[PDB]
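**Q** Sharing a structure with you now.
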Amino acid sequence: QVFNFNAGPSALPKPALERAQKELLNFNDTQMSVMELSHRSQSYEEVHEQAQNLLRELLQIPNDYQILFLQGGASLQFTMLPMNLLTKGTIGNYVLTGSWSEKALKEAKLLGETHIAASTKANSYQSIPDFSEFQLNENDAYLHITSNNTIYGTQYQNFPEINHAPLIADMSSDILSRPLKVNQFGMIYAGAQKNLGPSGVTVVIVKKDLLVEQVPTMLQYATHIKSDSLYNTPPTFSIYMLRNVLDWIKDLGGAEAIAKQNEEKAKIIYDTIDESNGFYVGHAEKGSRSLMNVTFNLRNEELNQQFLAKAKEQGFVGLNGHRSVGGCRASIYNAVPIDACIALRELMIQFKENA
Amino acid sequence: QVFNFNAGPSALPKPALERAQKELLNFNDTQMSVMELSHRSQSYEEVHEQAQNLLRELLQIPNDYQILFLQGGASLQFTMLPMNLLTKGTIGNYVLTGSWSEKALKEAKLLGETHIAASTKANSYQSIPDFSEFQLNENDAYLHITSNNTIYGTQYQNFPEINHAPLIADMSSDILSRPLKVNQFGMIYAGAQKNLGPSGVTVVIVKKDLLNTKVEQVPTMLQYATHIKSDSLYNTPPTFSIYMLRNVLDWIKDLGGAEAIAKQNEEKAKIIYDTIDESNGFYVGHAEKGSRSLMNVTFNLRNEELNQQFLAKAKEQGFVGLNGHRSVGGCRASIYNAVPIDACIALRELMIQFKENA
Ligand SMILES: *Cc1c(COP(=O)(O)O)cnc(C)c1O
Ligand SMILES: *Cc1c(COP(=O)(O)O)cnc(C)c1O
Ligand SMILES: [Cl-]
Ligand SMILES: [Cl-]
Ligand SMILES: [Cl-]
Ligand SMILES: [Cl-]
Ligand SMILES: [Mg+2]
Ligand SMILES: [Mg+2]
Ligand SMILES: [Mg+2]
Ligand SMILES: [Mg+2]
Ligand SMILES: [Mg+2]
């Protein structure tokens, strides 16, 4: 028995992997792997387009947005965004809700004026700040948020109505885990390796008209928009796998259906914490609790380590919290099945009963 | 019948793919795919390290060089190289031997002073210029070359001895197709998808002391130092692509390494160039003979109607990828390491029959 709670890269749907295995040597009767196709072939172009189409359908992405498939991870987006939009006399305004927010802010500071609209850093990122607290500037280039704060286990329940500058979100750890109103954003980005696919491709959803002389060709959004993410060779297998994952989400009923599964998964772990009479304590304020990364600790470090060691012995993978914060983190992205969360509960109850 | 002459991504050695298929769901007894593992797991770390160690052994990479695995393609390297080394007061000096050379130069121009050391552009890139032609500057930041000019079908036979600045090479389409004296270079880069397997990873072989220092003003992800210090694990790497690279490198080693693959590549290139040369001008190769690539064989028939008819027949007969690059037309047989010799035999037979029946 293995239970895959890895935080990134992460569990993928079994049907998507089984499909990939079956046709790894002979894709679509071509007698070649999808990995052996030219990216300028109709065979590959169909897959590329179908990944975009499924994202568009599943997230209900309006026609005035384009869907980009880029290399470099979300971390490259931390610099590519200000490189394109943080122009002279404008401000890259950030809401800090965890360490990933901080890493994005850091890259903008190298390129122009920045600002902190709001922050829960002083309280160790236990919550999402009230939107009424945001400090906005007329010359903001954008307002950047982190929808799901992967290390801290907090998540935006809803998104602010921002009209003075585009809203930009790092959705790496919760994209397509629930329906979204894409019209609230100027740009959304996410490495694929938590909810959408394997590592090596980054999805960027951008309002077309939003997006640069002096910027290197590969680092302009415009390059990729105009070329439909085929300016240079894309990560063809990663985009194929993304397509397979998106087919799986569609087959189960789409974003509302996966949201219901993810809410049940999270409920199992949070009820276990809440009913534990303080033996397990979550990091996040209840009102900010993530459905994607559940962070918690036991009453002392010795017990934390004992629990994590027992989990590892019993086949659980990935539960150690991020190094920077310690404790435990159960990552329960889309393809983590409910039975793994049940198994984690049962382990948690047995461990407490035998403590 | 399928014959895969795709130019990028391209044929993989079947055992690398069969290995990946077999263990796609349960890698190293973990009951997870390599695609589902942490990059900090022992199972992945072993793959990441073995890929480096296989490249090191196969190319005889000295210990003062590091192997980086980066995202972004060779195209991102066209900007990352000048961003890190083209400093104020210095020149990015380029040898133009094809379109990919031009694309690299274009990115440097956005960032600093550039120069053209030598060029065969005026003659449509039929050859590699003689090294005696190279115009060097005392303030060169580097001299950049393209070892195999993938669109034009020409290739360096050997490499210049440069002492005034580091020699940098885009080796995307011929890396590890033959032995290489890595110590001639300050940096070598290659998208993996021509001769080393997967798209989505770029191999960068760097002389550590040339590039391990922070570069003021350059974004974290775009500094070589970031990736050198973190062993290409600064952010999440393209784990499946690096895994597949490992599998391809295991295959190259198994077949006898760089020396053995060179022998194989020379043989299968000769099959196609002999067909051209014995065709009494029915097929005309683009490259001058002294510069002919072992990796991309470029040619035309006597007019565009015949080119179209040949390519249409090829496709009907199961050949994939023979259309020349859009920018130049004609035909291009890409014959990277993993293209089997019997595909080259089949192409010869197609070419002879088409000639005879024309
Ligand atoms: C996973 C993660 C990242 C880092 O992504 P890379 O692809 O490794 O650069 C960035 N932001 C958030 C919120 C993450 O969860
Ligand atoms: C394939 C190729 C490139 C482009 O590589 P990408 O990974 O698509 O950016 C650059 N240089 C040469 C010589 C090539 O053959
Ligand atoms: Cl975080
Ligand atoms: Cl994280
Ligand atoms: Cl070229
Ligand atoms: Cl090419
Ligand atoms: Mg918290
Ligand atoms: Mg379906
Ligand atoms: Mg209850
Ligand atoms: Mg071996
Ligand atoms: Mg055969």
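Starting from 1 in every chain, residues are counted up; chains themselves are A, B, ... following the order of the structure tokens, and ligands are numbered from 1 as listed.
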Pull out every residue of chain A sitting within 6 Å of chain B, counting only C-alpha atoms, and send them as a count of residues only.

**A** 13

**Q** Would you give me, as an NGL selection string, the residues in segment 56-262 of chain A that DSSP reads as strand (DSSP E)?

**A** :A and (65-70 or 91-96 or 113-119 or 140-146 or 148-149 or 154-155 or 167-170 or 187-191 or 202-207)

**Q** What residues have any atom no more than 10 Å from ligand 1 when counting only C-alpha atoms and all ligand atoms, and can you list them as JSON, numbers by chain?

**A** {"A": [7, 8, 9, 71, 72, 73, 74, 75, 76, 77, 78, 97, 98, 99, 100, 101, 102, 103, 104, 145, 146, 147, 148, 149, 150, 151, 169, 170, 171, 172, 173, 174, 189, 190, 191, 192, 193, 194, 199, 200, 201, 202, 292, 293], "B": [39, 221, 233, 234, 235, 236, 237, 238]}

**Q** Those selected residues, please, written with C-alpha atoms and delivered as a PDB file, in the first residue's frame.

**A**
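Done, and the output landed in result21.pdb:
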ATOM      1  CA  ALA A   7       3.317  18.306  -2.741  1.00  0.00           C
ATOM      2  CA  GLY A   8       4.755  18.828  -6.207  1.00  0.00           C
ATOM      3  CA  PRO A   9       5.289  16.867  -8.446  1.00  0.00           C
ATOM      4  CA  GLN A  71       8.500  26.155 -19.896  1.00  0.00           C
ATOM      5  CA  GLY A  72      10.243  27.330 -16.726  1.00  0.00           C
ATOM      6  CA  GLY A  73       7.727  26.671 -13.998  1.00  0.00           C
ATOM      7  CA  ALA A  74       5.777  29.145 -11.996  1.00  0.00           C
ATOM      8  CA  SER A  75       9.126  30.501 -10.795  1.00  0.00           C
ATOM      9  CA  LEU A  76       9.944  31.827 -14.262  1.00  0.00           C
ATOM     10  CA  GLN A  77       6.538  33.560 -14.252  1.00  0.00           C
ATOM     11  CA  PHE A  78       7.664  35.440 -11.135  1.00  0.00           C
ATOM     12  CA  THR A  97      -0.239  35.221   2.032  1.00  0.00           C
ATOM     13  CA  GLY A  98       2.787  32.873   2.227  1.00  0.00           C
ATOM     14  CA  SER A  99       6.306  32.101   1.126  1.00  0.00           C
ATOM     15  CA  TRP A 100       5.352  31.725  -2.560  1.00  0.00           C
ATOM     16  CA  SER A 101       3.926  35.269  -2.460  1.00  0.00           C
ATOM     17  CA  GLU A 102       7.230  36.450  -1.087  1.00  0.00           C
ATOM     18  CA  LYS A 103       9.221  34.741  -3.847  1.00  0.00           C
ATOM     19  CA  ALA A 104       7.068  36.421  -6.506  1.00  0.00           C
ATOM     20  CA  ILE A 145      -2.076  37.237  -5.265  1.00  0.00           C
ATOM     21  CA  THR A 146      -1.292  33.602  -4.480  1.00  0.00           C
ATOM     22  CA  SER A 147      -4.580  31.737  -4.516  1.00  0.00           C
ATOM     23  CA  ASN A 148      -3.433  28.720  -2.535  1.00  0.00           C
ATOM     24  CA  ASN A 149      -0.467  29.180  -0.194  1.00  0.00           C
ATOM     25  CA  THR A 150       1.008  25.743  -0.594  1.00  0.00           C
ATOM     26  CA  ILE A 151       3.387  25.831   2.380  1.00  0.00           C
ATOM     27  CA  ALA A 169      -2.776  34.990  -9.499  1.00  0.00           C
ATOM     28  CA  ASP A 170      -0.281  32.253  -8.904  1.00  0.00           C
ATOM     29  CA  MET A 171      -2.674  29.322  -8.860  1.00  0.00           C
ATOM     30  CA  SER A 172      -0.025  26.610  -8.977  1.00  0.00           C
ATOM     31  CA  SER A 173      -1.523  24.566  -6.177  1.00  0.00           C
ATOM     32  CA  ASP A 174      -5.286  25.005  -6.779  1.00  0.00           C
ATOM     33  CA  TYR A 189      -0.502  30.975 -14.019  1.00  0.00           C
ATOM     34  CA  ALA A 190       0.340  27.549 -12.665  1.00  0.00           C
ATOM     35  CA  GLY A 191       3.006  24.932 -13.059  1.00  0.00           C
ATOM     36  CA  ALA A 192       1.132  21.780 -14.113  1.00  0.00           C
ATOM     37  CA  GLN A 193       2.685  19.447 -11.532  1.00  0.00           C
ATOM     38  CA  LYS A 194       0.018  19.654  -8.762  1.00  0.00           C
ATOM     39  CA  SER A 199       6.255  18.954 -14.246  1.00  0.00           C
ATOM     40  CA  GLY A 200       7.754  20.713 -17.248  1.00  0.00           C
ATOM     41  CA  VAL A 201       4.848  22.783 -18.485  1.00  0.00           C
ATOM     42  CA  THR A 202       3.342  25.964 -17.017  1.00  0.00           C
ATOM     43  CA  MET A 292      -5.408  21.461  -1.426  1.00  0.00           C
ATOM     44  CA  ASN A 293      -2.731  21.427   1.288  1.00  0.00           C
TER      45      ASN A 293
ATOM     46  CA  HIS B  39      12.281  15.802  -7.106  1.00  0.00           C
ATOM     47  CA  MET B 221      15.895  31.967 -12.731  1.00  0.00           C
ATOM     48  CA  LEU B 233      16.939  21.771  -8.527  1.00  0.00           C
ATOM     49  CA  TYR B 234      16.325  25.442  -7.804  1.00  0.00           C
ATOM     50  CA  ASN B 235      12.705  24.996  -8.850  1.00  0.00           C
ATOM     51  CA  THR B 236      10.857  21.883  -9.991  1.00  0.00           C
ATOM     52  CA  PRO B 237      12.789  20.228 -12.827  1.00  0.00           C
ATOM     53  CA  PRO B 238      11.248  18.490 -15.830  1.00  0.00           C
TER      54      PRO B 238
END

**Q** Using only C-alpha atoms and all ligand atoms, I'd like a table of the residues in chain A that come within 12 Å of ligand 6; for each, show the closest atom pair and its distance in Å rounded to one decimal, ordered by chain and ascending number, as CSV.

**A**
residue,atom,partner,partner_atom_place_in_ligand_line,distance
A:38,CA,ligand 6,1 (Cl),10.2
A:39,CA,ligand 6,1 (Cl),11.0
A:40,CA,ligand 6,1 (Cl),10.7
A:232,CA,ligand 6,1 (Cl),9.9
A:233,CA,ligand 6,1 (Cl),9.9

**Q** Could you write those residues out with N, CA and C atoms, as a PDB file, in the first residue's frame?

**A**
ATOM      1  N   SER A  38       7.261  15.442 -34.486  1.00  0.00           N
ATOM      2  CA  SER A  38       7.564  16.875 -34.638  1.00  0.00           C
ATOM      3  C   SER A  38       6.482  17.740 -34.003  1.00  0.00           C
ATOM      4  N   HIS A  39       6.929  18.854 -33.402  1.00  0.00           N
ATOM      5  CA  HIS A  39       5.897  19.737 -32.839  1.00  0.00           C
ATOM      6  C   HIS A  39       5.200  20.543 -33.921  1.00  0.00           C
ATOM      7  N   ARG A  40       5.698  20.391 -35.158  1.00  0.00           N
ATOM      8  CA  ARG A  40       5.012  21.065 -36.265  1.00  0.00           C
ATOM      9  C   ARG A  40       4.160  20.064 -37.033  1.00  0.00           C
ATOM     10  N   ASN A 232       8.986  28.133 -30.086  1.00  0.00           N
ATOM     11  CA  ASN A 232      10.064  27.114 -30.061  1.00  0.00           C
ATOM     12  C   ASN A 232       9.427  25.772 -29.688  1.00  0.00           C
ATOM     13  N   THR A 233      10.285  24.782 -29.482  1.00  0.00           N
ATOM     14  CA  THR A 233       9.702  23.437 -29.237  1.00  0.00           C
ATOM     15  C   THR A 233       9.060  23.399 -27.864  1.00  0.00           C
TER      16      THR A 233
END

**Q** Need to verify the contact set: segment 323-329 of chain B, 9 Å, only C-alpha atoms, exclusion of same-chain residues closer than 6 positions in sequence. Can you return it as a ChimeraX atom specification?

**A** /B:7,99,151-152,298-300,304,307,311

**Q** Which protein, DNA or RNA residues have an atom within 9 Å of ligand 5, counting only C-alpha atoms and all ligand atoms, as a list in words?

**A**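 The distance check yields residues 97, 98, 99, 100, 101, 102, 125, 146, 148, 149, 150, 151, 152, 153 and 154 of chain B.
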
**Q** Restricted to C-alpha atoms, what would the selected residues look like written as a PDB file, in the first residue's frame?

**A**
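And here is the file that came out, part.pdb:
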ATOM      1  CA  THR B  97      26.588  29.177 -40.300  1.00  0.00           C
ATOM      2  CA  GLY B  98      22.771  28.969 -40.535  1.00  0.00           C
ATOM      3  CA  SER B  99      19.401  30.244 -39.317  1.00  0.00           C
ATOM      4  CA  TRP B 100      19.930  29.015 -35.780  1.00  0.00           C
ATOM      5  CA  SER B 101      23.152  31.051 -35.659  1.00  0.00           C
ATOM      6  CA  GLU B 102      21.154  34.105 -36.718  1.00  0.00           C
ATOM      7  CA  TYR B 125      25.119  28.698 -45.733  1.00  0.00           C
ATOM      8  CA  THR B 146      26.459  26.480 -34.004  1.00  0.00           C
ATOM      9  CA  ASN B 148      25.415  21.526 -36.610  1.00  0.00           C
ATOM     10  CA  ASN B 149      23.281  23.861 -38.700  1.00  0.00           C
ATOM     11  CA  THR B 150      20.085  21.864 -38.566  1.00  0.00           C
ATOM     12  CA  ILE B 151      18.191  23.720 -41.353  1.00  0.00           C
ATOM     13  CA  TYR B 152      21.052  23.885 -43.838  1.00  0.00           C
ATOM     14  CA  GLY B 153      22.643  20.465 -43.259  1.00  0.00           C
ATOM     15  CA  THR B 154      26.189  21.612 -42.574  1.00  0.00           C
TER      16      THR B 154
END

**Q** Ligand 9: which residues are within 10 Å, counting only C-alpha atoms and all ligand atoms, as a list in words?

**A**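 Sorted by chain and then by number, the residues are residues 267, 268, 270, 271, 272, 274 and 275 of chain A.
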
**Q** All residues within 8 Å of ligand 7 are required, counting only C-alpha atoms and all ligand atoms; please report them as a VMD selection string.

**A** chain A and resid 124 to 127 151 to 154 282 to 285 289 295

**Q** Hey, which residues sit close to ligand 11? Say within 8 Å, counting only C-alpha atoms and all ligand atoms, and write them as a list in words.

**A**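 Answer in the requested format: residues 340, 341, 342 and 343 of chain B.
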
**Q** Restricted to N, CA and C atoms, what would the selected residues look like written as a PDB file, in the first residue's frame?

**A**
ATOM      1  N   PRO B 340      17.225   4.392 -37.180  1.00  0.00           N
ATOM      2  CA  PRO B 340      17.859   3.113 -37.534  1.00  0.00           C
ATOM      3  C   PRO B 340      18.429   3.084 -38.956  1.00  0.00           C
ATOM      4  N   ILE B 341      19.463   2.255 -39.104  1.00  0.00           N
ATOM      5  CA  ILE B 341      20.073   2.193 -40.449  1.00  0.00           C
ATOM      6  C   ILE B 341      19.084   1.697 -41.479  1.00  0.00           C
ATOM      7  N   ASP B 342      18.169   0.802 -41.120  1.00  0.00           N
ATOM      8  CA  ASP B 342      17.239   0.320 -42.153  1.00  0.00           C
ATOM      9  C   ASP B 342      16.297   1.417 -42.605  1.00  0.00           C
ATOM     10  N   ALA B 343      16.078   2.478 -41.836  1.00  0.00           N
ATOM     11  CA  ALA B 343      15.296   3.585 -42.373  1.00  0.00           C
ATOM     12  C   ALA B 343      16.076   4.300 -43.482  1.00  0.00           C
TER      13      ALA B 343
END

**Q** One decimal, Å: what's the distance from atom CA of residue 161 of chain B over to atom CA of residue 184 of chain B, could you say?

**A**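 Interatomic distance, atom CA of residue 161 of chain B to atom CA of residue 184 of chain B: 6.7 Å.
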
**Q** Have a look at atom 1 (Mg, counted along the ligand's line) of ligand 8 and atom CA of residue 247 of chain A and let me know their distance in Å, one decimal.

**A** 5.0 Å

**Q** One number please: atom CA of residue 347 of chain B to atom 7 (O, counted along the ligand's line) of ligand 2, in Å, one decimal.

**A**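 Taking atom CA of residue 347 of chain B and atom 7 (O, counted along the ligand's line) of ligand 2, their separation equals 26.9 Å.
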
**Q** So that I can check the surroundings of residue 291 of chain B, please list as a PyMOL selection string every protein, DNA and RNA residue that reaches within 7 Å of it, counting only C-alpha atoms and ignoring chain neighbours fewer than 5 positions away.

**A** chain B and resi 127-128+154-156

**Q** With DSSP run on the backbone, what are the alpha helix (DSSP H) residues within segment 44-109 of chain B? I'd like them as a PyMOL selection string.

**A** chain B and resi 44-59+73-85+99-109

**Q** Near residue 302 of chain B, within 10 Å and counting only C-alpha atoms, which residues show up once chain neighbours fewer than 6 positions away are dropped, as a PyMOL selection string?

**A** chain B and resi 281-284

**Q** Pick out the residues sitting within 12 Å of residue 344 of chain B, and hand them over as a PyMOL selection string; count only C-alpha atoms, and ignore anything fewer than 3 positions along from it in its own chain.

**A** chain B and resi 2-5+264-275+297+319+322+333-336+338-341+347-351

**Q** Using only C-alpha atoms, which of the listed residues (B:56, B:355, B:144, B:263) sits closest to residue 203 of chain B?

**A** B:56

**Q** As a list in words, please: every protein or nucleic acid residue near ligand 10 (cut-off 10 Å, counting only C-alpha atoms and all ligand atoms).

**A**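 For ligand 10, the residues inside 10 Å are residues 54, 247, 249, 250, 251, 252, 253, 254, 255 and 256 of chain B.
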
**Q** Could you dump the residues just selected with N, CA, C and O atoms as a short mmCIF file (atom, residue, chain, number, x, y, z; two decimals), in the first residue's frame?

**A**
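Heads up, here's the output in selection_20.cif:
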data_model
loop_
_atom_site.label_atom_id
_atom_site.label_comp_id
_atom_site.auth_asym_id
_atom_site.auth_seq_id
_atom_site.Cartn_x
_atom_site.Cartn_y
_atom_site.Cartn_z
N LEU B 54 26.25 9.77 -16.56
CA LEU B 54 26.34 9.17 -17.92
C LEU B 54 26.83 10.19 -18.92
O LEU B 54 27.71 9.87 -19.73
N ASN B 247 17.49 7.44 -19.73
CA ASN B 247 17.30 6.18 -20.46
C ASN B 247 18.01 6.20 -21.81
O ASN B 247 18.59 5.21 -22.21
N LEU B 249 20.67 8.00 -22.60
CA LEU B 249 22.10 7.94 -22.36
C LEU B 249 22.53 6.52 -22.01
O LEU B 249 23.63 6.09 -22.42
N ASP B 250 21.72 5.80 -21.26
CA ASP B 250 22.05 4.37 -20.99
C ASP B 250 22.16 3.60 -22.30
O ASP B 250 23.07 2.75 -22.42
N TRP B 251 21.28 3.88 -23.24
CA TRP B 251 21.35 3.21 -24.54
C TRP B 251 22.61 3.58 -25.29
O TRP B 251 23.27 2.69 -25.86
N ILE B 252 22.98 4.86 -25.28
CA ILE B 252 24.21 5.21 -25.99
C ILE B 252 25.38 4.47 -25.39
O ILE B 252 26.28 3.98 -26.13
N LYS B 253 25.45 4.41 -24.07
CA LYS B 253 26.55 3.70 -23.42
C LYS B 253 26.54 2.24 -23.81
O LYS B 253 27.61 1.70 -24.12
N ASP B 254 25.35 1.64 -23.78
CA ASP B 254 25.25 0.23 -24.08
C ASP B 254 25.77 -0.12 -25.47
O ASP B 254 26.38 -1.18 -25.66
N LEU B 255 25.58 0.75 -26.45
CA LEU B 255 25.99 0.51 -27.82
C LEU B 255 27.45 0.83 -28.05
O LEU B 255 27.94 0.62 -29.17
N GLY B 256 28.18 1.32 -27.02
CA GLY B 256 29.61 1.58 -27.15
C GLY B 256 29.99 3.03 -27.08
O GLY B 256 31.15 3.36 -27.39
#
